[PDB]
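*Asks:* The following block contains the structure, expressed as structure tokens.
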Amino acid sequence: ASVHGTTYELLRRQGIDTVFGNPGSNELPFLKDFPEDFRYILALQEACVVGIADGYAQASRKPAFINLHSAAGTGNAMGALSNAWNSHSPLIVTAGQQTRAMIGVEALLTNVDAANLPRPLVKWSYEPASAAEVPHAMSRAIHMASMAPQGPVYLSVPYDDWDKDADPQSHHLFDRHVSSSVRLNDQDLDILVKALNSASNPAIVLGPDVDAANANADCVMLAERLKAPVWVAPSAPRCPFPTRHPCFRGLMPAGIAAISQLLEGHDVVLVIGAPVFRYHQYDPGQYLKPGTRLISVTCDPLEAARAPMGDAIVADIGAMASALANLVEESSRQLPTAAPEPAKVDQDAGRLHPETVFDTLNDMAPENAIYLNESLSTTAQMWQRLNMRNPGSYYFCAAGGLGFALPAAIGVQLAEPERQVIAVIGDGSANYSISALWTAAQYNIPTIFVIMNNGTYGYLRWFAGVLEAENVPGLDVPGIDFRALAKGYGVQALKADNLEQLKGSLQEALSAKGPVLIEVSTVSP
Amino acid sequence: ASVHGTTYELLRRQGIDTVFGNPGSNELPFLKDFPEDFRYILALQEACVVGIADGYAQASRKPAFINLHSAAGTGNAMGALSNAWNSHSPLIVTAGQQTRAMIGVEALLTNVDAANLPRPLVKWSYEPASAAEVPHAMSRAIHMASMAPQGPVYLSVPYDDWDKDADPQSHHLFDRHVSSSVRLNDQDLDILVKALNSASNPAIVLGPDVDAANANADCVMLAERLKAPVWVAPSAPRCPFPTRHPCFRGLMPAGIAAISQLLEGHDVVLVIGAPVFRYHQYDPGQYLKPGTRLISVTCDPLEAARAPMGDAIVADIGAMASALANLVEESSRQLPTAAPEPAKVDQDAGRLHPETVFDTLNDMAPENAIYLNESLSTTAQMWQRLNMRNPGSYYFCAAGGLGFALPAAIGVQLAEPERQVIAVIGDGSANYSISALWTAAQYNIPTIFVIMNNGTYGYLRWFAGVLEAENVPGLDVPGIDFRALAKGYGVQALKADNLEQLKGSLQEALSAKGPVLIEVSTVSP
Amino acid sequence: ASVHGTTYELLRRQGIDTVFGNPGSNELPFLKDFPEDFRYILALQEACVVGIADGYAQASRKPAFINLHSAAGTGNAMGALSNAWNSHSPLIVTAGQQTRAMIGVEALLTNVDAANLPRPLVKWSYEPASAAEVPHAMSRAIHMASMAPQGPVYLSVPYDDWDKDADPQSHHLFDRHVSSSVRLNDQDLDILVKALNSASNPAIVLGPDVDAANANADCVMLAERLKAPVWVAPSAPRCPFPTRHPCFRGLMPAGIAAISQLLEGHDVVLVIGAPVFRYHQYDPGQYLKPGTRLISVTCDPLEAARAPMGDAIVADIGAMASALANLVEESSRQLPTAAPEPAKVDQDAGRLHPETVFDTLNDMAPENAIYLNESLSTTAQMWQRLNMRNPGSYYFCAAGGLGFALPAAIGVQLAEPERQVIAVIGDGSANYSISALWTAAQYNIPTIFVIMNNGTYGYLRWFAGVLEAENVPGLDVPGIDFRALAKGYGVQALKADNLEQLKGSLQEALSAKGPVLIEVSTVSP
Ligand SMILES: Cc1ncc(Cn2c(C)c(CCOP(=O)(O)OP(=O)(O)O)sc2=O)c(N)n1
Ligand SMILES: Cc1ncc(Cn2c(C)c(CCOP(=O)(O)OP(=O)(O)O)sc2=O)c(N)n1
Ligand SMILES: Cc1ncc(Cn2c(C)c(CCOP(=O)(O)OP(=O)(O)O)sc2=O)c(N)n1
Ligand SMILES: [Ca+2]
Ligand SMILES: [Ca+2]
Ligand SMILES: [Ca+2]
Ligand code: NA
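Protein chains in written order, with PDB author numbering: chain A, 2 to 526; chain A', 2 to 526; chain A'', 2 to 526. A prime marks a further copy of an entry chain.
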């Protein structure tokens with residue numbers, strides 16, 4: 002067997018059947034004789050390739066495979082990799098290297114010092130020392146991406162390796178099963194359960210690793226047994242809980258003082274599947290108020306190490322959530338009462354308030370819609386106004402890197418063909434990965450893109466307020482016609498300048514058989 | 002003084018007056034109270050920001066200053082940095098970091114392990130240990146970018162540093178002059194000159210550092226004195242010689258065997274301002290034939306170290322070219338005869354042959370036009386068909402990273418307001434940095450973009466041929482309307498489906514007062 | 002509170018009370034006002050400092066704290082760190098940095114790019130962005146070293162930070178409890194147990210993480226229930242099983258073919274707490290023979306990823322060994338029969354055969370002796386001839402880095418004051434960290450050092466044989482008087498030129514109240 006044949010066999014034996022890519026000369030020997038059972042999804046720029054693969058991996062809850070071109074293709078993807086690192090996305094990033102005979106002279110499109118290029122945004126980064134090692138290196142990449150805490154990995158392969166003879170002993174790689182599905186030992190788990198059972202006013206805080214683990218239903222059971230309010234940890238990349246469940250209390254503000262104030266009076270705060278905490282704005286104060294102690298369950302040693310307070314347990318979130326949900330007592334406290342519905346904001350016949358847009362989306366979208374958020378100044382309103390009952394219903398750029406939601410929405414829609422994906426993206430954010438629209442058109446992936454057009458980088462005007470910063474350049478983005486951009490890439494385009502048009506446009510988009518972009522004229526901040 | 006005030010003073014004292022940027026919250030304290038004498042050029046995605054700054058630095062022959070947002074903004078620019086590394090572009094890349102009080106907890110948009118992120122594509126990468134150190138760190142960044150061999154550098158600055166008190170001793174940074182304008186000592190330079198004077202059939206090979214140094218006219222004088230043919234080193238990022246001068250012999254093929262064959266019979270080959278050599282395709286053979294010896298003058302130790310043959314001198318290209326041009330004897334050999342004009346390719350009333358497009362550009366463009374090339378399958382024809390008499394007339398992605406030419410053309414046009422810039426970009430390449438069009442519209446930078454639309458990644462179909470690779474996915478890019486993309490970003494758009502329309506469109510574009518995009522329907526490969 | 006006071010409070014609250022160090026100017030502000038409840042152990046060179054701390058951490062099964070001087074002190078320790086990485090030793094390495102005001106100018110003993118210096122041999126490496134962050138960074142270092150898989154970490158601290166005011170919120174760091182004491186979920190653990198219960202001829206292979214976890218007794222119970230032979234994985238850094246238990250089968254040869262041959266006919270091979278596998282010599286063949294399947298339990302994702310065969314479970318070794326030992330059925334197969342005693346090698350009245358030395362050590366040493374091995378050509382004989390009944394009885398350089406055993410023996414003896422430590426070290430190996438002897442003398446740590454003096458690098462003469470390499474320089478080390486070296490550092494010294502003298506010397510050493518070095522004249526290979 003060749004290294005080519007062996008490597009594709011390893012990939013299919015490990016469940017991988019799709020390559021998200023933008024091709025180059027160093028990858029042609031890998032992509033040639035492309036196997037019939039695989040599919041290749043082309044995107045026109047590498048931030049888009051990785052974004053699509055990332056949405057696909059997060060929604061499918063399995064690794065996604067990426068093929069990029071040498072240093073320039075990998076470099077174009079590095080902002081996308083920053084998000085993937087923070088969302089623990091299991092991404093296997095492969096990049097083609099020059100032929101081994103011309104690496105030394107640094108021929109054009111040699112990836113120099115290749116393994117160092119994507120650091121520090123990958124769990125593992127490597128170039129094999131010989132062609133016969135390639136399948137073993139690929140095996141390492143698959144398992145490193147897939148073991149808790151999941152994350153992106155990088156493998157650089159000289160293009161001449163693929164046609165070489167594989168090692169016959171590589172067959173032992175094909176069926177390896179590697180598990181990190183672990184939970185706290187019985188004695189210490191009993192101690193934790195007793196602390197939860199004994200708490201007089203527990204609170205629960207959930208992060209993205211709950212949704213990645215599909216631990217959402219177990220966390221519902223846990224919250225109901227403990228009769229405890231549930232918050233989502235700040236800067237949330239996913240939604241880990243039904244947002245209209247009686248225990249749900251919403252997204253935490255991303256500030257130190259704000260969070261300790263919210264938790265005040267809670268004696269035990271159990272955090273599951275989140276960093277402690279992904280603050281954003283600087284809001285100095287107490288990490289916790291007196292009387293509050295914190296216990297964190299995290300799949301990531303790096304999270305447990307850097308928490309500035311609390312105890313921590315490093316374990317699989319699925320296994321831990323299930324064990325806790327099944328072991329805790331039913332408290333005799335009263336179940337928390339559901340948060341009230343949000344108020345209707347006054348809306349005239351002109352430009353749309355974001356609140357109106359979210360209320361209308363909530364009124365019209367299917368109950369199993371999946372949303373993406375890259376409309377940064379409207380996040381709080383989005384979380385208050387969209388009823389998201391099911392797991393996998395929300396994605397937001399985990400490292401704050403714009404250019405995620407547009408391509409990720411396409412990968413999510415590819416992963417979940419029977420759930421309507423609706424990406425809500427600001428006019429500024431829409432440009433970072435605009436060319437991803439083309440992939441939705443070409444493969445007819447029927448994502449709906451709602452562009453919130455207010456002409457400005459609104460969130461940065463806000464943060465300028467908290468910093469009290471005046472005379473800042475570069476905050477306005479006038480003069481972009483998103484319907485023309487959508488036409489340019491073959492996506493049906495609609496405009497909504499008022500509520501009547503928003504309703505009509507959503508009705509058309511929801512009914513459409515292909516992707517649709519709706520440009521919404523929203524109010525300026 | 003504050004760190005803010007001191008740093009802008011240092012920048013203006015060192016000749017920097019423009020910030021190319023895409024802003025974020027960590028940069029607001031740097032960008033606030035933006036100085037009246039500076040200008041900020043916004044681009045909508047960071048590959049575009051760096052591309053624009055890169056074209057501006059290469060054309061202006063001075064450092065360009067960039068401000069990006071933390072890890073995600075830096076990561077989005079890393080493909081652009083790969084080109085900048087290979088073209089020795091003096092780029093000062095600054096990125097905002099979280100406030101020092103929240104770096105430890107890794108708050109959202111903390112740039113973790115920041116200095117390692119852009120490696121290995123920068124000469125120097127750093128985050129200062131205190132706010133008062135920021136001006137000195139900026140001084141280091143300016144000089145590291147600007148000293149031979151020039152190249153990109155990276156500085157990460159926590160956002161709280163700007164408002165802190167500066168060290169009063171920072172004033173000693175303001176007027177530092179640092180020179181690398183050096184040449185080989187007299188005794189060894191005399192030995193080199195004697196070897197050139199004694200050669201029976203010398204050849205000259207020139208690379209991009211000649212054009213960066215504006216050493217072109219000196220290299221003309223050198224070639225005329227030595228009566229020597231002149232080639233451009235392969236994978237050329239710039240044009241270092243007038244392409245219709247009698248000595249000019251064109252762009253070398255990027256292959257080992259091809260180059261040794263071309264040089265056969267030349268006893269001394271003097272290479273100036275190029276790597277030896279930037280091969281691309283694998284074309285194994287002799288590095289040089291018997292009877293040929295090579296001498297390389299390079300500004301870059303890394304180039305001198307990795308050459309697989311020849312002697313080398315590491316020195317400033319401007320200083321060396323001037324010294325050699327003035328010291329060599331006038332040979333009594335006959336001057337080389339000019340290459341013949343290229344033939345006219347048969348052209349019917351349908352889709353355009355690339356040869357026709359270049360002939361027509363050469364017929365209509367001003368004599369001081371500046372071209373950019375990201376139409377990878379037509380490079381040989383472009384070099385044969387465009388008469389480029391003047392320095393600074395050609396740019397091509399130095400690391401082969403697509404997404405350079407579109408934004409770089411805007412930076413070049415900003416640097417050279419009286420020279421018409423014409424970027425010739427393939428339909429595939431146009432997408433990587435498509436959003437850069439917006440910056441040309443907003444600032445009315447009148448670049449002309451000629452999109453060569455053949456529906457496919459043509460060069461990759463070629464390289465597939467040399468590799469003999471069949472059943473490769475992802476090579477076609479149908480279904481993109483570039484006039485709609487240009488409209489989307491506010492750029493006037495024209496279509497050329499045949500020669501009559503190409504001529505009309507060029508006439509309109511040349512006359513236009515703003516940027517113009519022409520979509521040309523070219524023949525499929 | 003100051004950063005100094007807060008950091009020592011954090012260290013004592015986290016169980017750390019000893020600093021192993023070699024001091025320098027950047028560390029004086031940390032070491033001043035040294036707390037009364039701490040102890041400082043000086044060694045004269047940094048390989049010795051880290052070796053001592055490493056032996057102390059491995060034997061105590063808890064993190065050890067190290068303080069080195071800037072880049073030069075850290076660099077002198079990097080070979081020692083290579084061993085620590087491979088043995089998963091929880092080492093907190095701190096190094097002093099220049100004052101923040103002189104880092105930029107790179108004053109003498111600035112640690113440039115400090116965090117990158119010890120990579121890739123540390124789990125985490127960091128320099129804080131401000132003085133107030135130091136206690137949180139130290140908290141991160143403690144937990145990163147201590148979480149599974151344990152390993153060395155690095156923290157660089159500017160010397161001016163210690164006197165600065167601490168953040169009052171740092172108190173939340175003091176009592177953090179972080180656990181990685183996890184095991185496979187119940188459903189999958191039941192599947193594993195069923196596979197073990199069903200095996201017709203299981204084998205067990207144990208590595209160093211079993212002894213680190215004190216999982217030895219549980220592994221005895223497991224082997225007895227399964228009636229299974231037990232081997233120690235190759236290149237063994239520790240001893241995980243009583244070597245005269247009936248199931249024990251010895252140390253595996255460090256070769257691919259040798260191991261698959263040894264395992265042939267075993268249907269299920271359970272590996273616990275080892276890489277799969279730490280081969281040394283190149284011995285190509287099948288990784289496993291047909292009919293053998295492998296299951297690995299490892300605390301280290303990097304081990305699970307790179308195994309070339311088998312399934313793997315990433316979990317705590319203590320928790321997994323206990324669960325398996327208590328859950329498996331008692332097999333009705335016959336218990337394995339103990340290996341026979343090794344034969345007595347013929348010994349005349351001259352130089353000692355290594356076999357004689359080990360037999361004599363086994364005859365005279367206490368049953369709870371602890372041995373270290375850095376006599377590389379005699380390892381097989383050592384493993385056959387020393388009855389090691391108890392956990393923590395054997396250490397060998399985990400990365401093969403010489404200079405470990407001499408200082409580690411001192412740290413082990415410091416950790417286990419009531420167990421006689423006997424380090425058996427070749428004459429070549431003894432020199433790498435010879436100055437460590439001084440620390441044993443000064444603190445009266447009564448380690449016994451047995452120098453096996455055959456005048457040559459014996460193992461390298463062997464490996465030269467397997468490679469069939471002739472005319473190799475640098476293999477002989479004549480002319481070293483180890484009794485004089487011991488005298489030089491204040492350690493009692495004895496010589497053993499024959500068996501009578503070996504017996505007398507051991508009797509004296511065993512009775513001595515201080516450290517003793519015995520130079521043994523052994524036979525040449
Ligand atoms: C890759 C990248 N570049 C720059 C930023 C900085 N940034 C920028 C530029 C924002 C403006 C977003 O504008 P929008 O139109 O998409 O949405 P809003 O108007 O609601 O803010 S929010 C933010 O953090 C970023 N986060 N990521
Ligand atoms: C960032 C990046 N991604 C991928 C490539 C690989 N690549 C690709 C995708 C090419 C196709 C260029 O297509 P085009 O339409 O712009 O021009 P041609 O049709 O003349 O080839 S040429 C080439 O090297 C690259 N060089 N850089
Ligand atoms: C730091 C370091 N340097 C060099 C070596 C190479 N090396 C060397 C030099 C050996 C000779 C050991 O000689 P010895 O006298 O201690 O023992 P033997 O005679 O039994 O081999 S074994 C070995 O791997 C090493 N392992 N570690
Ligand atoms: Ca906006
Ligand atoms: Ca094309
Ligand atoms: Ca020896
Ligand atoms: Na990097």
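Backbone N, C-alpha and C define an ideal beta-carbon position, used for all residues, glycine too.
Are the CB atoms of A':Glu128 and A'':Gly105 nearer to each other than 8 Å?
*Replies:* The sequence position of residue 128 of chain A' within the second sequence is 127, counting from 1. The sequence position of residue 105 of chain A'' within the third sequence is 104, counting from 1. Going by C-beta atoms, A':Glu128 is not nearer than 8 Å to A'':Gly105.
*Asks:* Helix, strand or coil for A':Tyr490? Go by DSSP, reduced to three states.
*Replies:* As a position in the second sequence, residue 490 of chain A' is number 489, starting the count at 1. The answer is coil: DSSP assigns A':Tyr490 none of H, G, I, E or B.
*Asks:* Within the 8 Å Cβ cut-off, does A:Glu471 reach chain A'?
*Replies:* As a working mapping, residue 471 of chain A is identified with position 470 in the first sequence. Taking Cβ atoms only, chain A' reaches closer than 8 Å to A:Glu471, which makes this a yes.
*Asks:* Starting from the C-beta of A'':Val211, find all residues in its chain whose C-beta is less than 7 Å away, skip the five residues before and the five after it, and write them out in chain order.
*Replies:* To locate residue 211 of chain A'', count along the third sequence from 1; it is residue 210. Only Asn217, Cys220, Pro241, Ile273, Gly274, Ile318, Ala322 meet the Cβ criterion.
*Asks:* Mind pulling the chain A residues with CB within less than 9 Å of A'':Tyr288?
*Replies:* For the purposes of this step, residue 288 of chain A'' is taken as the residue at position 287 of the third sequence. Correct list: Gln170, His173.
*Asks:* Taking a Cβ distance cut-off of 8 Å, strictly less, list which residues of the region 336 to 367 of chain A'' are near chain A', in chain order.
*Replies:* The residues in question: there are none.
*Asks:* Under 8 Å by Cβ, that's how I've got A':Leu69 and A':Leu122 pegged, so tell me the actual separation to the nearest angstrom.
*Replies:* If you number the second sequence from 1, residue 69 of chain A' lands on position 68. If you number the second sequence from 1, residue 122 of chain A' lands on position 121. Not quite, the Cβ-Cβ distance comes to about 14 Å (not below 8 Å), so this is no contact.
*Asks:* Quick one: Cα of A':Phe359 to Cα of A':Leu377, how far?
*Replies:* Position 358 of the second sequence, counted from the start, is the residue given in the question as residue 359 of chain A'. Position 376 of the second sequence, counted from the start, is the residue given in the question as residue 377 of chain A'. Distance between the alpha carbons of A':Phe359 and A':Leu377 is about 14 Å.
*Asks:* State yes or no: is the C-beta of A:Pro479 within less than 8 Å of the C-beta of A:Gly456?
*Replies:* Here the question's residue 479 of chain A lines up with position 478 in the first sequence. Here the question's residue 456 of chain A lines up with position 455 in the first sequence. Yes, they are a contact pair.
*Asks:* Mind checking whether the beta-carbon of A'':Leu92 lies closer than 7 Å to any heavy atom of ligand 7?
*Replies:* As a working note, residue 92 of chain A'' is residue 91 in the third sequence. Flag unset: Cβ of A'':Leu92 not near ligand 7.
*Asks:* Let me know if A':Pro64 comes out buried or exposed under the rule of 16 or more other beta-carbons within 10 Å of its beta-carbon.
*Replies:* The residue labelled residue 64 of chain A' in the question sits at position 63 within the second sequence. That one is buried.
*Asks:* Give the residues of chain A'' in contact with A:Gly311, contact being defined as C-beta atoms less than 8 Å apart.
*Replies:* Position 310 of the first sequence, counted from the start, is the residue given in the question as residue 311 of chain A. Those are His173, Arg177, listed as they occur along chain A''.
*Asks:* Would A':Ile143 count as contacting chain A'' if we go by Cβ distances under 8 Å?
*Replies:* Mapped onto the second sequence, residue 143 of chain A' falls at position 142. Cβ-Cβ to chain A'' under 8 Å: no for A':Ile143.
*Asks:* Strictly under 8 Å for the Cβ-Cβ distance: is A':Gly105 near chain A'' by that measure?
*Replies:* Taking the first residue of the second sequence as 1, we reach residue 105 of chain A' at position 104. Cβ-Cβ to chain A'' under 8 Å: yes for A':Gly105.
*Asks:* State yes or no: is the C-beta of residue 1 of chain A within less than 8 Å of the C-beta of A'':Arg184?
*Replies:* Missing from the structure shown is residue 1 of chain A; chain A here goes from 2 to 526 and no further.
*Asks:* So A'':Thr293 is in the alpha helix (DSSP H); what residue range does that whole segment cover?
*Replies:* Taking the first residue of the third sequence as 1, we reach residue 293 of chain A'' at position 292. Per DSSP, A'':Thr293 belongs to no alpha helix (DSSP H) and is neither H nor E.
*Asks:* Please indicate yes or no: does the CB of A':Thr380 lie closer than 7 Å to some heavy atom of ligand 5?
*Replies:* Locating residue 380 of chain A' in the second sequence gives position 379, where the first residue counts as 1. No, since every heavy atom of ligand 5 falls outside the 7 Å radius drawn around the Cβ of A':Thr380.
*Asks:* Should A':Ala130 be flagged as near chain A'', meaning a C-beta pair shorter than 8 Å?
*Replies:* The count along the second sequence starts at 1 and reaches residue 130 of chain A' at position 129. By this cut-off, A':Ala130 is an interface position.
*Asks:* So is the beta-carbon of A':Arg245 under 7 Å away from any non-hydrogen atom of ligand 7?
*Replies:* Here the question's residue 245 of chain A' lines up with position 244 in the second sequence. Incorrect: A':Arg245 has no Cβ contact closer than 7 Å to ligand 7.
*Asks:* The beta strand (DSSP E) with A:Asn374 in it runs from where to where?
*Replies:* As a working note, residue 374 of chain A is residue 373 in the first sequence. Note, A:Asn374: beta strand (DSSP E), 371 to 375.
*Asks:* Need the endpoints of the beta strand (DSSP E) that A:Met253 sits in, please.
*Replies:* Position 252 of the first sequence, counted from the start, is the residue given in the question as residue 253 of chain A. Counting along the chain, A:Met253 falls outside any beta strand (DSSP E), and DSSP gives it neither H nor E.
*Asks:* Is it the case that the Cβ atoms of residue 529 of chain A and A:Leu118 are separated by a distance below 8 Å?
*Replies:* Residue coverage of chain A in this structure runs from 2 to 526, which leaves residue 529 of chain A outside it and unanswerable.
*Asks:* Any heavy atom of ligand 5 closer than 7 Å to the beta-carbon of A':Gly480?
*Replies:* Looking up residue 480 of chain A' in the second sequence gives position 479. No - ligand 5 has no heavy atom lying nearer than 7 Å to the Cβ of A':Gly480.
*Asks:* What does A':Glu134 touch in chain A'' if you count any residue whose Cβ is under 9 Å from its own?
*Replies:* As a position in the second sequence, residue 134 of chain A' is number 133, starting the count at 1. Here the neighbours are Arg101, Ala102, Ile104, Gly105.
*Asks:* Would you say A:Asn23 touches ligand 5, meaning its beta carbon is less than 7 Å from a heavy atom?
*Replies:* Within the first sequence, residue 23 of chain A is the residue found at index 22, counting from 1. Not under cutoff, so the answer is no.
*Asks:* Enumerate, from N- to C-terminal direction, the unbroken alpha helix (DSSP H) stretches of 4 or more residues contained entirely within the region 4 to 66 of chain A'.
*Replies:* The qualifying runs are 4 to 14, 29 to 32, 47 to 61.
*Asks:* Classify A:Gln508 as buried or exposed, calling it buried when 16 or more other Cβ atoms lie within 10 Å of its own Cβ.
*Replies:* What you label residue 508 of chain A is simply residue 507 of the first sequence in a count that begins at 1. With fewer than 16 Cβ atoms within 10 Å of its Cβ, A:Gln508 is classed as exposed.
*Asks:* Counting only beta-carbon separations shorter than 8 Å, does A':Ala2 have a partner in chain A''?
*Replies:* One-based indexing of the second sequence puts residue 2 of chain A' at position 1. It does not; no Cβ of chain A'' falls within 8 Å.
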